[PDB]
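Okay, structure first, notes after.
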Amino acid sequence: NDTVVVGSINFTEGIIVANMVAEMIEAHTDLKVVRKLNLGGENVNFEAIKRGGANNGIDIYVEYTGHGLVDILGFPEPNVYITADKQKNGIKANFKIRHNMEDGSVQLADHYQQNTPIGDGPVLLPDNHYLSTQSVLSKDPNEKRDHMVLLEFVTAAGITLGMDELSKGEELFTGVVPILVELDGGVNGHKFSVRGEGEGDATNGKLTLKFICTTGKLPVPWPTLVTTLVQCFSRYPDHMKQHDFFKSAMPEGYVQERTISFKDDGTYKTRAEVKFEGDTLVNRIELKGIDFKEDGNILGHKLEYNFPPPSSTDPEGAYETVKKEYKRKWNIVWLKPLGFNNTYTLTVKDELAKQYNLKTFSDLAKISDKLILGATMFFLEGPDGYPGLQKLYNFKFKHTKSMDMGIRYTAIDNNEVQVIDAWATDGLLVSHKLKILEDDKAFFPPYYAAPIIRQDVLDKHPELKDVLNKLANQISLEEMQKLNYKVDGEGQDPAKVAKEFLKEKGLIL
Ligand SMILES: c1cnc2cc3c(cc2n1)[C@@H]1CNC[C@H]3C1
């Protein structure tokens, strides 16, 4: 029982950090340590550590906060990605909601959305951006009716202020606006009505609403109706205020049509008119749900009364969100960060960048048709990589070829490929005369690495927390770059560099 399991993915950095963790545990404790190295897969560690060292899994492994968000929250999907549809003079939007269940499961809700101005006046057709939403569901203790108290914060992002620059409907949201919401719905023949009253502050992006089921008991769980039940109250920062389509349609309003597909269950089809009446912003919705299962998760009320927390783009917020959602669900402890952010970045030959005056990803996308992308498997398959990039940046590459790590640097050196997915810790970025490009639309989450341990393993031997926090903020990105290079440039074995570093900083000896 004295032994423990430490897992790792198969890439240069992960093996090194796993050997570092093992050396720490064997030095500052008298514990036996195993070094498991799982390969391939899709989010493999997560499953291995869900199993544990007893079920031939893992107990401790190093994870990055962005991939953690992808694990627990499915990072790119909860963001409401908005693009412009010039045909219908409006906008289109895509996202997914992950409804928690009692048995740790997740019910998927795929949202496709169209918005079309009701009036015939001019409206703002925006560039690709996204809405980040935080939703808090609660109850009134004194309300005997079936209800939901909802409090929302919506902020727009995905557009940069480049220190180079400076509507009629917006003037209607300067103060606090009353909000009426009326939803007439039918799901599998169940007819119901929901009436919600509240207020909205668009300058802060805050919504405070109370919804009541005026027809008795609601035949569906409340969180499935949260998206359906006022995107004009989103806080748009000044530097992208000319991209708020919703406020520009006011006071005439807009039609919001939505198709919500529940995985392995029925679907909602909703049409709403969001418009001003007197001084009140009203949202009138007709909802028709069909093909639902009577004992399913929706018609069986198998969804918890909560909402997944928002996947933040701020490093501190990202770390804390991932730590909280790992501890709450699946009972997994995030330890202190090692102090280096190994993020994806689209790097080019700096000669090419000088030739085409490429500074940011947006500059790269406008000429992406002439270029070839050589990316790793994890960047072409992971939703936090190229597929998630494309729903914000509109990259149109001529070719995309998955390549083993290290092959991509020697391939961009010989112009077999123009753009590669360089990881910031690869020491090869300086030695190949390359250039990282600015992720101006801020799609990528923070990828600060930190170790991860199970709670029961932390309980059987309680000293592991302190012995693994010896590495907290000890490895800078440039330090890790030198060591990664020692493994990738020179032929040195991974464990040797780990022992050397821990001797150098006075940890292993
Ligand atoms: C799936 C699971 N974990 C990953 C960790 C990393 C990557 C891709 C992954 N894909 C690289 C990008 N950021 C941290 C490293 C390296």
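Lettering and numbering for the structure tokens are positional, with chains as A, B, ... in the shown order, residues counted from 1 in each chain, and ligands counted from 1 in the shown order.
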
May I have a table of the residues of chain A lying at most 10 Å from ligand 1, giving each one's closest pair of atoms and their distance in Å to one decimal, counting only C-alpha atoms and all ligand atoms, ordered by chain and ascending residue number, as a Markdown table?
| residue | atom | partner | partner_atom_place_in_ligand_line | distance |
| --- | --- | --- | --- | --- |
| A:8 | CA | ligand 1 | 3 (N) | 9.5 |
| A:9 | CA | ligand 1 | 3 (N) | 7.3 |
| A:10 | CA | ligand 1 | 5 (C) | 9.5 |
| A:11 | CA | ligand 1 | 16 (C) | 7.7 |
| A:12 | CA | ligand 1 | 16 (C) | 9.1 |
| A:13 | CA | ligand 1 | 15 (C) | 7.6 |
| A:14 | CA | ligand 1 | 15 (C) | 7.7 |
| A:40 | CA | ligand 1 | 1 (C) | 9.2 |
| A:41 | CA | ligand 1 | 1 (C) | 8.4 |
| A:42 | CA | ligand 1 | 1 (C) | 6.4 |
| A:43 | CA | ligand 1 | 2 (C) | 5.0 |
| A:44 | CA | ligand 1 | 2 (C) | 7.1 |
| A:45 | CA | ligand 1 | 2 (C) | 7.7 |
| A:46 | CA | ligand 1 | 2 (C) | 8.9 |
| A:62 | CA | ligand 1 | 5 (C) | 8.9 |
| A:63 | CA | ligand 1 | 5 (C) | 6.8 |
| A:64 | CA | ligand 1 | 14 (C) | 5.9 |
| A:65 | CA | ligand 1 | 14 (C) | 8.8 |
| A:66 | CA | ligand 1 | 13 (N) | 7.6 |
| A:67 | CA | ligand 1 | 3 (N) | 5.8 |
| A:68 | CA | ligand 1 | 3 (N) | 8.4 |
| A:70 | CA | ligand 1 | 2 (C) | 8.7 |
| A:71 | CA | ligand 1 | 2 (C) | 8.6 |
| A:341 | CA | ligand 1 | 14 (C) | 8.1 |
| A:342 | CA | ligand 1 | 13 (N) | 5.3 |
| A:343 | CA | ligand 1 | 13 (N) | 4.9 |
| A:344 | CA | ligand 1 | 12 (C) | 5.3 |
| A:345 | CA | ligand 1 | 12 (C) | 8.9 |
| A:376 | CA | ligand 1 | 8 (C) | 8.6 |
| A:377 | CA | ligand 1 | 10 (N) | 8.3 |
| A:378 | CA | ligand 1 | 10 (N) | 4.7 |
| A:379 | CA | ligand 1 | 8 (C) | 6.6 |
| A:380 | CA | ligand 1 | 10 (N) | 9.7 |
| A:381 | CA | ligand 1 | 10 (N) | 8.2 |
| A:382 | CA | ligand 1 | 10 (N) | 6.0 |
| A:383 | CA | ligand 1 | 10 (N) | 9.0 |
| A:384 | CA | ligand 1 | 10 (N) | 8.4 |
| A:385 | CA | ligand 1 | 8 (C) | 8.4 |
| A:421 | CA | ligand 1 | 12 (C) | 8.9 |
| A:422 | CA | ligand 1 | 12 (C) | 8.7 |
| A:423 | CA | ligand 1 | 12 (C) | 6.1 |
| A:424 | CA | ligand 1 | 13 (N) | 8.4 |
| A:425 | CA | ligand 1 | 16 (C) | 8.8 |
| A:426 | CA | ligand 1 | 16 (C) | 9.8 |
| A:444 | CA | ligand 1 | 13 (N) | 9.9 |
| A:445 | CA | ligand 1 | 13 (N) | 9.7 |
| A:446 | CA | ligand 1 | 13 (N) | 8.9 |
| A:447 | CA | ligand 1 | 13 (N) | 5.8 |
| A:448 | CA | ligand 1 | 14 (C) | 8.1 |
| A:449 | CA | ligand 1 | 14 (C) | 7.6 |

- Find the residues near residue 31 (chain A): any atom within 12 Å, counting only C-alpha atoms, skip ones fewer than 6 places away on the same chain, and give them as a PyMOL selection string. chain A and resi 1-5+22-25+457+460-464+467

Same residues, N, CA and C atoms, output as a PDB file, in the first residue's frame:
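And here is the file that came out, selection_39.pdb:
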ATOM      1  N   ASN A   1       0.833  -1.197   0.000  1.00  0.00           N
ATOM      2  CA  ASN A   1       0.000   0.000   0.000  1.00  0.00           C
ATOM      3  C   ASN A   1       0.873   1.253   0.000  1.00  0.00           C
ATOM      4  N   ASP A   2       2.153   1.070   0.335  1.00  0.00           N
ATOM      5  CA  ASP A   2       3.085   2.192   0.394  1.00  0.00           C
ATOM      6  C   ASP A   2       3.304   2.842  -0.965  1.00  0.00           C
ATOM      7  N   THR A   3       2.952   2.162  -2.048  1.00  0.00           N
ATOM      8  CA  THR A   3       3.222   2.640  -3.395  1.00  0.00           C
ATOM      9  C   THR A   3       2.112   3.569  -3.884  1.00  0.00           C
ATOM     10  N   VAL A   4       2.467   4.412  -4.860  1.00  0.00           N
ATOM     11  CA  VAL A   4       1.543   5.357  -5.474  1.00  0.00           C
ATOM     12  C   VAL A   4       1.841   5.422  -6.968  1.00  0.00           C
ATOM     13  N   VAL A   5       0.871   5.927  -7.727  1.00  0.00           N
ATOM     14  CA  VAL A   5       0.940   5.961  -9.185  1.00  0.00           C
ATOM     15  C   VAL A   5       1.008   7.409  -9.645  1.00  0.00           C
ATOM     16  N   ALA A  22       7.890  12.584  -9.283  1.00  0.00           N
ATOM     17  CA  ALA A  22       8.304  11.326  -8.667  1.00  0.00           C
ATOM     18  C   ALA A  22       9.558  11.511  -7.818  1.00  0.00           C
ATOM     19  N   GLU A  23      10.532  12.275  -8.323  1.00  0.00           N
ATOM     20  CA  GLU A  23      11.742  12.540  -7.553  1.00  0.00           C
ATOM     21  C   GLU A  23      11.422  13.292  -6.267  1.00  0.00           C
ATOM     22  N   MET A  24      10.524  14.278  -6.343  1.00  0.00           N
ATOM     23  CA  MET A  24      10.099  14.993  -5.141  1.00  0.00           C
ATOM     24  C   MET A  24       9.498  14.045  -4.112  1.00  0.00           C
ATOM     25  N   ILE A  25       8.578  13.182  -4.549  1.00  0.00           N
ATOM     26  CA  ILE A  25       7.899  12.299  -3.606  1.00  0.00           C
ATOM     27  C   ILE A  25       8.887  11.316  -2.987  1.00  0.00           C
ATOM     28  N   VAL A 457      -6.073   9.670  -2.055  1.00  0.00           N
ATOM     29  CA  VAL A 457      -4.627   9.495  -1.977  1.00  0.00           C
ATOM     30  C   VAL A 457      -4.016  10.562  -1.079  1.00  0.00           C
ATOM     31  N   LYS A 460      -4.809   9.186   2.506  1.00  0.00           N
ATOM     32  CA  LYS A 460      -4.035   8.045   2.990  1.00  0.00           C
ATOM     33  C   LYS A 460      -2.643   8.475   3.432  1.00  0.00           C
ATOM     34  N   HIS A 461      -2.023   9.386   2.689  1.00  0.00           N
ATOM     35  CA  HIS A 461      -0.745   9.982   3.071  1.00  0.00           C
ATOM     36  C   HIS A 461      -0.912  11.494   3.005  1.00  0.00           C
ATOM     37  N   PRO A 462      -1.143  12.158   4.143  1.00  0.00           N
ATOM     38  CA  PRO A 462      -1.489  13.587   4.111  1.00  0.00           C
ATOM     39  C   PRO A 462      -0.329  14.521   3.806  1.00  0.00           C
ATOM     40  N   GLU A 463       0.917  14.055   3.874  1.00  0.00           N
ATOM     41  CA  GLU A 463       2.053  14.950   3.688  1.00  0.00           C
ATOM     42  C   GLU A 463       2.315  15.292   2.224  1.00  0.00           C
ATOM     43  N   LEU A 464       1.559  14.716   1.281  1.00  0.00           N
ATOM     44  CA  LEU A 464       1.863  14.897  -0.139  1.00  0.00           C
ATOM     45  C   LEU A 464       1.643  16.332  -0.607  1.00  0.00           C
ATOM     46  N   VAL A 467       4.798  18.382   0.187  1.00  0.00           N
ATOM     47  CA  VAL A 467       5.989  17.940  -0.539  1.00  0.00           C
ATOM     48  C   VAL A 467       5.869  18.254  -2.024  1.00  0.00           C
TER      49      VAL A 467
END

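The protein and nucleic acid residues lying at most 8 Å from residue 242 (chain A) are residues 124, 126, 167 and 239 of chain A, with only C-alpha atoms considered and sequence neighbours fewer than 3 positions away removed.
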
Give me the region 205-228 of chain A side of the contact with region 94-117 of chain A, cut-off 12 Å, one line per residue showing its nearest atom pair and distance in Å at one decimal, counting only C-alpha atoms, sorted by chain and residue number, as JSON lines.
{"residue": "A:221", "atom": "CA", "partner": "A:99", "partner_atom": "CA", "distance": 10.2}
{"residue": "A:222", "atom": "CA", "partner": "A:99", "partner_atom": "CA", "distance": 10.7}
{"residue": "A:223", "atom": "CA", "partner": "A:99", "partner_atom": "CA", "distance": 7.4}
{"residue": "A:224", "atom": "CA", "partner": "A:99", "partner_atom": "CA", "distance": 7.9}
{"residue": "A:225", "atom": "CA", "partner": "A:109", "partner_atom": "CA", "distance": 10.9}
{"residue": "A:226", "atom": "CA", "partner": "A:97", "partner_atom": "CA", "distance": 10.2}
{"residue": "A:227", "atom": "CA", "partner": "A:97", "partner_atom": "CA", "distance": 8.9}
{"residue": "A:228", "atom": "CA", "partner": "A:111", "partner_atom": "CA", "distance": 9.9}

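Ranking A:299, A:194, A:338, A:352 by their shortest atom-to-atom distance to residue 20 (chain A), with only C-alpha atoms included, puts A:338 first.
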
- Can you list, as a PyMOL selection string, every residue of region 185-358 of chain A that DSSP puts in helix (DSSP H, G or I)? chain A and resi 222-225+231-233+238-243+245-248+315-328+350-356

Just write the chosen residues, C-alpha atoms, as an mmCIF file, in the first residue's frame.
data_model
loop_
_atom_site.group_PDB
_atom_site.id
_atom_site.type_symbol
_atom_site.label_atom_id
_atom_site.label_comp_id
_atom_site.auth_asym_id
_atom_site.auth_seq_id
_atom_site.Cartn_x
_atom_site.Cartn_y
_atom_site.Cartn_z
ATOM 1 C CA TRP A 222 -35.621 25.115 -15.190
ATOM 2 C CA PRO A 223 -31.980 25.181 -16.454
ATOM 3 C CA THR A 224 -33.136 23.949 -19.880
ATOM 4 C CA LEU A 225 -35.134 27.189 -20.267
ATOM 5 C CA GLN A 231 -28.862 39.393 -25.217
ATOM 6 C CA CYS A 232 -29.249 43.167 -25.675
ATOM 7 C CA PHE A 233 -28.307 43.545 -21.991
ATOM 8 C CA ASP A 238 -16.241 50.570 -25.547
ATOM 9 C CA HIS A 239 -13.661 49.343 -28.071
ATOM 10 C CA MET A 240 -16.225 46.998 -29.664
ATOM 11 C CA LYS A 241 -19.405 49.012 -29.031
ATOM 12 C CA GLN A 242 -19.929 49.169 -32.814
ATOM 13 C CA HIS A 243 -20.490 45.381 -32.814
ATOM 14 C CA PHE A 245 -26.210 43.983 -33.004
ATOM 15 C CA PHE A 246 -28.917 43.558 -30.371
ATOM 16 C CA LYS A 247 -29.066 47.148 -29.107
ATOM 17 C CA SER A 248 -28.943 48.518 -32.664
ATOM 18 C CA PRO A 315 -5.118 33.028 -15.490
ATOM 19 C CA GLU A 316 -5.996 33.411 -11.801
ATOM 20 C CA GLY A 317 -9.711 33.026 -12.480
ATOM 21 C CA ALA A 318 -9.052 30.049 -14.746
ATOM 22 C CA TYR A 319 -6.928 28.289 -12.122
ATOM 23 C CA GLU A 320 -9.471 28.904 -9.354
ATOM 24 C CA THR A 321 -12.427 27.821 -11.504
ATOM 25 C CA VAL A 322 -10.695 24.600 -12.519
ATOM 26 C CA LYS A 323 -9.616 23.866 -8.937
ATOM 27 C CA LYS A 324 -13.156 24.403 -7.628
ATOM 28 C CA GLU A 325 -14.822 22.271 -10.306
ATOM 29 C CA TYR A 326 -12.250 19.486 -9.903
ATOM 30 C CA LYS A 327 -12.782 19.443 -6.132
ATOM 31 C CA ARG A 328 -16.588 19.620 -6.282
ATOM 32 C CA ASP A 350 10.038 35.608 -39.195
ATOM 33 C CA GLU A 351 11.156 36.136 -42.797
ATOM 34 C CA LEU A 352 7.587 35.387 -43.903
ATOM 35 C CA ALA A 353 6.259 37.657 -41.144
ATOM 36 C CA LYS A 354 8.523 40.492 -42.301
ATOM 37 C CA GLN A 355 7.524 39.836 -45.917
ATOM 38 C CA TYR A 356 3.769 40.019 -45.251
#

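Counting only C-alpha atoms and comparing A:413, A:147, A:257, A:334, the residue that lies closest to residue 454 (chain A) is A:334.
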